[PDB]
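One structure is given below, encoded as structure tokens.
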RNA sequence: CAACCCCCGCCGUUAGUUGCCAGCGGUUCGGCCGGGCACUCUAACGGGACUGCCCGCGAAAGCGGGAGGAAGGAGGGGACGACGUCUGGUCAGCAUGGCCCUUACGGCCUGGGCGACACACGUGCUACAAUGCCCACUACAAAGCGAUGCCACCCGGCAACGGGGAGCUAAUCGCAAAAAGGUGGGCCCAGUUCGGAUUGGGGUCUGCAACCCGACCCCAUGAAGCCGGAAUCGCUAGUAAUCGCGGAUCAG
RNA sequence: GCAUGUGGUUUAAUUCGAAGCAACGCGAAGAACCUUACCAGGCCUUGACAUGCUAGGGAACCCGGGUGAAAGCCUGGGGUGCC
Ligand SMILES: NC(=O)OC[C@@H](O)C[C@H](NC(=O)[C@H]1NCCC[C@@H]1O)C(=O)N[C@@H](Cc1cnc(N)[nH]1)C(=O)N[C@H](C(=O)O)[C@H](O)c1cnc(Cl)[nH]1
Ligand SMILES: [Mg+2]
Ligand SMILES: [Mg+2]
Ligand SMILES: [Mg+2]
Ligand SMILES: [Mg+2]
Ligand SMILES: [Mg+2]
Ligand SMILES: [Mg+2]
Ligand SMILES: [Mg+2]
Ligand SMILES: [Mg+2]
Ligand SMILES: [Mg+2]
Ligand SMILES: [Mg+2]
Ligand SMILES: [Mg+2]
Ligand SMILES: [Mg+2]
Ligand SMILES: [Mg+2]
Ligand SMILES: [Mg+2]
Ligand SMILES: [Mg+2]
Ligand SMILES: [Mg+2]
Ligand SMILES: [Mg+2]
Ligand SMILES: [Mg+2]
Ligand SMILES: [Mg+2]
Ligand SMILES: [Mg+2]
Ligand SMILES: [Mg+2]
Ligand SMILES: [Mg+2]
Ligand SMILES: [Mg+2]
Ligand SMILES: [Mg+2]
Ligand SMILES: [Mg+2]
Ligand SMILES: [Mg+2]
Ligand SMILES: [Mg+2]
Ligand SMILES: [Mg+2]
Ligand SMILES: [Mg+2]
Ligand SMILES: [Mg+2]
Ligand SMILES: [Mg+2]
Ligand SMILES: [Mg+2]
Ligand SMILES: [Mg+2]
Ligand SMILES: [Mg+2]
Ligand SMILES: [Zn+2]
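Protein chains in written order, with PDB author numbering: chain N, 2 to 61; chain J, 3 to 101; chain M, 2 to 126; chain C, 2 to 207; chain I, 2 to 128; chain S, 2 to 84; chain V, 2 to 25; chain G, 2 to 156.
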């Protein structure tokens, strides 16, 4: 999550295919969930805080 | 004639709201097919717990969108004029299609 | 039953039998037994002498087969090396060609494993 | 790598979410990020007022941000001015009809997130860390509470050797699900580095 | 005129309808023996009758959905027993010995993370 | 291979330099970076230095080397053996 | 024969369809 | 089993003869939970047996087990030097279990091309007193009283 | 620790659509239509189990055995990790003390690399076949996913796929063939109708672009491998073994 | 035999961490360019991003040419709002 690449992330690029997601929070490139625009770290964190609505902890 | 779908995350509020609608349609002159429990669509998420390595521990989260149908056959006017005066739970979405 | 150069084996059904020729695999064979109209299920030693001839006609003439095919494949790789293209070098050095890993496996291309020395890891011995 | 976030565990059983709305896959992504931009700002702009929770309820193009605050005047402002400024700046960053109301945390001694903070400040202001804690836990039990616990961890004092201080009274049953247990976390930022304060407050068996 | 019993077994649900007469049996619009074409276990499904001696004194209209055919078998097999009692409450006495009224609680176990299979742990081998 | 509907791919700006070199009958060295370009029969007999990640290496184009892409003639990594 | 891309099993496992395991 | 003694599984009776032994054998034949194929390999092997002998396969079966059941065996003990091979008598169950296993294992050795036959033949041979089913019984019983010099290190 | 929470096993009450079909009316034989919610189910609240009952042992706690019961002695599985240990892991998620760079260790790009290969280990896939392999016909799942997408059905094509095009913001429309299984027929112990590496050739799709380095289809090639040395792993019941199915990330 | 990870070695670079159990289909729940942190080459220097400040020139913004692998570099025109 170097600063430039978070910005580059947003720049609509020369080709449709250099489209890639980062975390709306940390900017992490790698484990980013479509649906939240968050990584699997941030997901975990915000989920526990209670700030992802209707997101319960599973158990079956 | 009037068909109400009820989709929300919390099933207490979702179920409550649908009682507020089975009764609304009673005290206005009509018969009703009750609040029907449509199946519920779960979205799971399976995150590695730690930040770095350690793949052999995850945590399981889910996202449960609950679904209730309700039908009011023989739909009067004293019905509708008691429905656009309700709204009482926040995390419940309503969609009405006269089919 | 001498076709294409090689005696295909009797006792074995014709739909199989033809596989033993170079340019014939499962499909080309069963295509040939249609186009010449023959129950494939019958053994090779149970053929009309002229049934056999029909088979020899078709098979030997349409497809580029046997050592005559070994020719083209051979001189195809030969082209590639002479060209001096990547796939060329890979062919030359006896490495994989279609782009596999080489840090492990890649054995069918390099034959058996020429073990060499190596070092002492990780703490001491 | 030990204990579970006491809230997310109790969540849905004895503790509620800070955002309550529905959204399909299409919309959710952004109403989320929109909440986080709200909670990003009000958190910066209201540290002075001691703020516990930022509730975000939602309709359609409607947002009911309930802000839960120790000193509710500081949020309001003299004349009624400061709140108007927020509501406009909110409805700016949101571009929707922001409905910001204010709610008086009547007792900051039973708000974990606040107890946490009050300690962190104290730690930043260079106060004695051990005392700071016993005296916080103190104040918490004095006000009804059935159990409480504070954990400061990091470079305590100047300290080359980063250690951990902690203290508790009553019951703080982290395994008991029906236990209402408030958790809060504060981060103290210091010349020598950064330390973390967790505060657990056991509030009642349900 | 009929006697019902609802037999389930491990993601299978069987609907058993009993009507006295010959001995023939339909499952899902086919003959019992045509549905379970070459399954040995199949015969076991009609053990609840044979152990009260009412095989032949009945017919069966049955439907199953869910599970594999064997799962369906022990579900029918339950369902018939469940039905022989709505007909004759004294049959319980004959069936409970071999326990034909017992819902097999056994079912597929949740795959658990960090295993390959719920139990099948991944291999530790060498050092 | 490349789908047959969309023909073959050459970067317009390499194809450019050659047409000017052909429609003037000049045989002056070219340098490019686009390894990724196919080889139309228009390139034949020319010499193209191509990038291999470090330098441009000349690639005399003969007839038989047409179906391919330029990159096939400048390897990208350097190998000797293991010592 | 799950590695054999000329069988039903072959395509079953590769998740593809072909001559040797067609749709309808 | 460290706390309790493990309690033997009660098998379901066979679907044709009723003998639980039948089933026990069947299970040992099957693999990969392929119980249907197994039964078929069993019951078809009975047909060959009922054919080529005339009597009842159930009993040729229940006989071919007595003639593979080993009356005692060697187990292992280590004392004060190394490991002297110790003899020791074999329980009710362990006999029955060793038998079924050995029947199948060496039935599967036979040259016969087809399974049902291979079972049918070994299930016949052994039922008489020949074939490597018994020769691996007459083996574990051999070492029973060939190392009876060490038969005082017992448990 | 246990318990309060979730899932599974039995029954209840409320609920009848997009689910269900038991008797009945009409049928183009499709629950298709009438009609009905019985049943299945769906999913929200509840009941039920306490060593309660009987026998035996025991001061007691509790243990063994039996009866009724769907379930019996924690009924099966989950979530839940004590004070602390490891100067454990991570400054490359984020945050942060201190040190270091600032026309360079910052930033943009194009190309290359992370994919290199005398070799060695770790985890796994597919096999070495007849309790199998191939071809055809014929059954029985669950859980998810999808209106920028899933793509039914018609057409061209050996096929990947392409052109046309209906339904579906989805218990309705779709992905969707479940595979093992069943019935028929083939092969007959063979490096084979076992195995499907490797390579030659011809195509498809995505993508600005498949040389380095994509997957897929078809033809041809048909390597090692005939059950693995010393060592060594997993699992105690719906478990192991075996067989398919879905999803996240994702143009691929 | 092949798929992946790793040790090593090689390389202009083979980015980096993980190292007995508790590293090794692990961070990676998606490396052709992007990702991308490495290498080569061509580029920018209040900068791709924040809040400003002193001095001059400008409405903001919109479209076209040259050169170039792109980035960048040079250049032409339209436009005059608000207090
Ligand atoms: N985690 C752990 O405890 O060890 C487990 C296992 O890996 C051991 C490991 N074993 C092997 O390699 C063997 N296994 C098969 C391959 C080769 C080899 O034969 C090993 O390396 N042994 C020697 C080697 C050696 C001979 N000479 C120097 N300098 N080293 C060693 O290094 N001992 C150390 C010591 O002498 O202090 C070590 O720190 C130790 C302290 N206490 C004990 Cl006990 N061990
Ligand atoms: Mg940073
Ligand atoms: Mg991408
Ligand atoms: Mg764990
Ligand atoms: Mg601890
Ligand atoms: Mg700590
Ligand atoms: Mg399973
Ligand atoms: Mg389950
Ligand atoms: Mg693993
Ligand atoms: Mg698997
Ligand atoms: Mg150009
Ligand atoms: Mg094959
Ligand atoms: Mg003991
Ligand atoms: Mg009728
Ligand atoms: Mg109807
Ligand atoms: Mg319940
Ligand atoms: Mg007692
Ligand atoms: Mg507990
Ligand atoms: Mg350290
Ligand atoms: Mg890598
Ligand atoms: Mg090896
Ligand atoms: Mg066609
Ligand atoms: Mg199509
Ligand atoms: Mg089949
Ligand atoms: Mg057959
Ligand atoms: Mg060989
Ligand atoms: Mg062999
Ligand atoms: Mg165990
Ligand atoms: Mg899969
Ligand atoms: Mg997908
Ligand atoms: Mg590395
Ligand atoms: Mg580092
Ligand atoms: Mg990958
Ligand atoms: Mg790159
Ligand atoms: Mg780049
Ligand atoms: Zn993040």
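Beta carbons are placed, not taken as given, at the ideal position from N, Cα and C, and that holds for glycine.
- Item | Nearest neighbour of residue 103 of chain C, chosen from C/32, C/83 and C/69 [CA to CA] | C/69
- Query: Rounded C-beta distance between residue 174 of chain J and residue 75 of chain J? I'm assuming under 8 Å.
  - Reply: Residue coverage of chain J in this structure runs from 3 to 101, which leaves residue 174 of chain J outside it and unanswerable.
- Item | Residue from M/2, M/24 and M/115 with nearest C-alpha to residue 56 of chain M | M/2
- Among the residues of its own chain, which have a CB less than 7 Å from the CB of residue 193 of chain C, if the five just before and after it don't count? 156 and 159
- Message: Taking contact to mean 3 or more Cβ pairs, one atom from each stretch, closer than 8 Å, check whether the region 23 to 33 of chain J and the region 52 to 65 of chain J are in contact.
- Response: Short answer: they don't touch.
- Task: Specify, as a first and last residue, the run of the alpha helix (DSSP H) that residue 93 of chain G falls within.
- Result: 93 to 108
- Message: Assuming residue 36 of chain I is part of the alpha helix (DSSP H), what are its boundary residues?
- Response: Under the DSSP assignment, residue 36 of chain I falls in the alpha helix (DSSP H) whose first and last residues are 33 to 36.
- Inter-residue Cα distance where the pair is residue 127 of chain G and residue 61 of chain G: 9 Å
- Please decide whether residue 184 of chain C counts as near chain J, where near means a Cβ-Cβ distance under 8 Å. no
- Task: Can you grab the Cα-Cα spacing for the pair residue 71 of chain C / residue 44 of chain C, in whole Å?
- Result: 13 Å
- If we count the other Cβ atoms within 10 Å of its Cβ and call it buried at 16 or more, is residue 108 of chain C buried or exposed? exposed
- Item | Local conformation of residue 114 of chain C per DSSP, three classes | helix
- Query: Taking C-beta to C-beta, are residue 52 of chain S and residue 78 of chain S nearer than 8 Å?
  - Reply: Against a cut-off of 8 Å, the Cβ pair of residue 78 of chain S and residue 52 of chain S comes out as no contact.
- Message: Between which residues of its own chain and residue 154 of chain C is the CB-CB distance below 6 Å, once the five residues before and five after are set aside?
- Response: 165 and 197
- Query: From the beta carbon of residue 22 of chain G, is the nearest beta carbon of chain I less than 8 Å away?
  - Reply: When Cβ-Cβ separations below 8 Å define contact, residue 22 of chain G makes no contact with chain I.
- Task: Let me know the beta strand (DSSP E) ranges lying completely inside the region 46 to 78 of chain J, each 3 residues or longer, listed in chain order.
- Result: Fully enclosed beta strand (DSSP E) runs of no fewer than 3 residues occupy 47 to 50 and 60 to 75 of the region 46 to 78 of chain J, in order along the chain.
- If you measure from the beta carbon of residue 115 of chain I to each beta carbon in chain J, is any gap under 8 Å? yes
- Item | CB contact below 8 Å: residue 95 of chain J versus chain N | Residue-level contact by beta carbon fails for residue 95 of chain J and chain N, as no gap is shorter than 8 Å.
- Message: Could you check if residue 13 of chain S belongs to the surroundings of ligand 11, using beta carbon to heavy atom distance under 7 Å?
- Response: yes
- Does the beta carbon of residue 26 of chain M sit closer than 8 Å to a beta carbon anywhere in chain S? Interface criterion not met: the Cβ of residue 26 of chain M is under 8 Å from no Cβ in chain S.
- Query: Which residues bound the alpha helix (DSSP H) around residue 12 of chain V?
  - Reply: Under the DSSP assignment, residue 12 of chain V falls in the alpha helix (DSSP H) whose first and last residues are 9 to 15.
- Helix, strand or coil at residue 50 of chain N [DSSP, three-state]: helix
- Message: If you reduce the DSSP assignment to three classes, tell me which class residue 141 of chain C lands in.
- Response: helix
- How is the beta strand (DSSP E) around residue 175 of chain C delimited, first residue to last? Here residue 175 of chain C belongs to no beta strand (DSSP E), and DSSP marks it neither H nor E.
- Task: Go through the residues and name those whose CB comes closer than 6 Å to any heavy atom of ligand 36, in chain order.
- Result: Cβ-based neighbours of ligand 36 within the cut-off: N/24, N/26, N/27, N/29, N/39, N/40, N/42 and N/43.
- Looking at C-beta atoms only, is the number of pairs between the region 19 to 30 of chain I and the region 106 to 118 of chain I that lie closer than 8 Å three or more? no
- Message: Cβ closer than 9 Å: which chain G residues qualify as neighbours of residue 26 of chain I?
- Response: The premise fails here: residue 26 of chain I is roughly 17 Å from chain G at the closest Cβ pair, so nothing lies under 9 Å.
- Which residues, taken in chain order from the region 61 to 75 of chain S, show a beta carbon closer than 7 Å to some beta carbon of chain M? 65, 66, 69, 73 and 74
- Task: Alpha carbon to alpha carbon, how far is residue 32 of chain C from residue 113 of chain C? Give it in angstroms, no decimals.
- Result: 27 Å
- Message: Which residues in chain I have a C-beta closer than 7 Å to the C-beta of residue 43 of chain J? List them in chain order.
- Response: Per Cβ cutoff of 7 Å: no residues; residue 43 of chain J is ~20 Å from chain I at best.
- Message: Among C/138, C/199 and C/178, whose alpha-carbon lies nearest the alpha-carbon of residue 188 of chain C?
- Response: Residue 188 of chain C has its Cα closest to that of C/199, out of C/138, C/199 and C/178.
- Query: Expressed to the nearest angstrom, what Euclidean distance is found between the alpha-carbon atoms of residue 59 of chain N and residue 60 of chain J?
  - Reply: 11 Å
- Which bits of chain J does residue 21 of chain C rub up against, with CB to CB less than 7 Å? 92 and 93
- Query: Taking 7 Å as the line, does the beta carbon of residue 11 of chain I fall inside it for any heavy atom of ligand 9?
  - Reply: no
- Task: Helix, strand or coil for residue 6 of chain C, going by three-state DSSP, please let me know.
- Result: coil
- Task: Could you tell me the distance, in whole angstroms, from the CA atom of residue 102 of chain I to the CA atom of residue 40 of chain I?
- Result: 23 Å
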